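Chemist: Following this message is one structure expressed as structure tokens.
Please note: Cβ atoms are built from the backbone with ideal geometry, for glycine as well, and neighbour counts cover all protein chains shown. Just so it is clear, none of the values below were taken in a lab; they were calculated from the coordinates.
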Amino acid sequence: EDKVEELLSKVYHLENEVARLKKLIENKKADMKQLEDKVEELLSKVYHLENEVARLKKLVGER
Amino acid sequence: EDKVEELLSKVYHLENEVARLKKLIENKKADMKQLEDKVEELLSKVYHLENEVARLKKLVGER
Amino acid sequence: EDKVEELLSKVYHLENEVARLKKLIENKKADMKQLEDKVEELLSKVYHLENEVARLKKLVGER
């Protein structure tokens, strides 16, 4: 093929691949956000358990 | 340089950079999957601790 | 427009979009690293709570 057609085809292929990757990145970003939310909730559930365990230790006099 | 050579070089550089980024995205996706698994396990370990703490509170009569 | 100008413009647009995506990927990688650290800490906080709960169960004789 002539070089101009070659180039047009390679550029179009790149445009489609960049679009596909941009959609994947976006999806990974949203997945990360959801995971970050779950980790923040886990941090709070753990802190609550730490306080409940401390209170049980005080009740039974465990140092 | 002539514009056709310029373009061919810029396109090749883009192809290599898009490949490199596609491999990075793929790697980030797999890392996310593994992390999601660890977070699901943490959710279960926390729920189990919540049940064990509740049962201890009942045993000692802690409201 | 002539095809050479067309191509130069499409290539420049691709270069800018690839740069933008590379910066997003990099940012997602660093966010993942920070999240992985928080998950490793959560794993340790959970293990510690499991040991504290086990010790409380032994103290009160709960099987």
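Chemist: Just wondering, is there one or more residues in segment B:9-18 that are of a type in the set (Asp, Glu), part of a helix (DSSP H, G or I) and either in contact (Cβ under 8 Å) with a residue 24 or more places away in the chain or within 26 Å of residue A:28 (Cα to Cα) (or both)? Reasoning before the result, please.
Modeler: Within segment B:9-18, the first condition is being of a type in the set (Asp, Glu), and the residues that meet it are B:15, B:17.
Still in the running and part of a helix (DSSP H, G or I): B:15, B:17.
Still in the running and either in contact (Cβ under 8 Å) with a residue 24 or more places away in the chain or within 26 Å of residue A:28 (Cα to Cα) (or both): B:15, B:17.
Yes, the conditions are met somewhere in segment B:9-18.
Chemist: Using the structure shown, decide if residue B:40 is in a helix (DSSP H, G or I) and within 23 Å of residue C:9 (Cα to Cα).
Modeler: no
Chemist: From the list C:41, C:52, exactly one residue is under 33 Å from the mean Cα position of the chain (by Cα), at the interface with another protein chain (Cβ under 7 Å from one of its Cβ atoms), of a type in the set (D, E, K, R) and closer than 24 Å to residue A:41 by Cβ. Which is it? I'd like the intermediate steps shown before the answer.
Modeler: On the way: C:41 fails: at the interface with another protein chain (Cβ under 7 Å from one of its Cβ atoms).
Going through C:41, C:52 in turn, just one is under 33 Å from the mean Cα position of the chain (by Cα), at the interface with another protein chain (Cβ under 7 Å from one of its Cβ atoms), of a type in the set (D, E, K, R) and closer than 24 Å to residue A:41 by Cβ: C:52.
Chemist: Could you say which residue among B:62, B:26, B:50 is farther than 22 Å from residue A:22 by Cβ, free of Cβ contacts under 8 Å to residues at least 12 places away in the same chain and assigned to a helix (DSSP H, G or I)?
Modeler: B:50
Chemist: Kindly indicate which of A:18, A:4 is within 29 Å of the chain's Cα centre (by Cα) and at the interface with chain C (Cβ under 10 Å from one of its Cβ atoms).
Modeler: Details: A:4 fails: within 29 Å of the chain's Cα centre (by Cα).
After applying the criteria, what remains is A:18.
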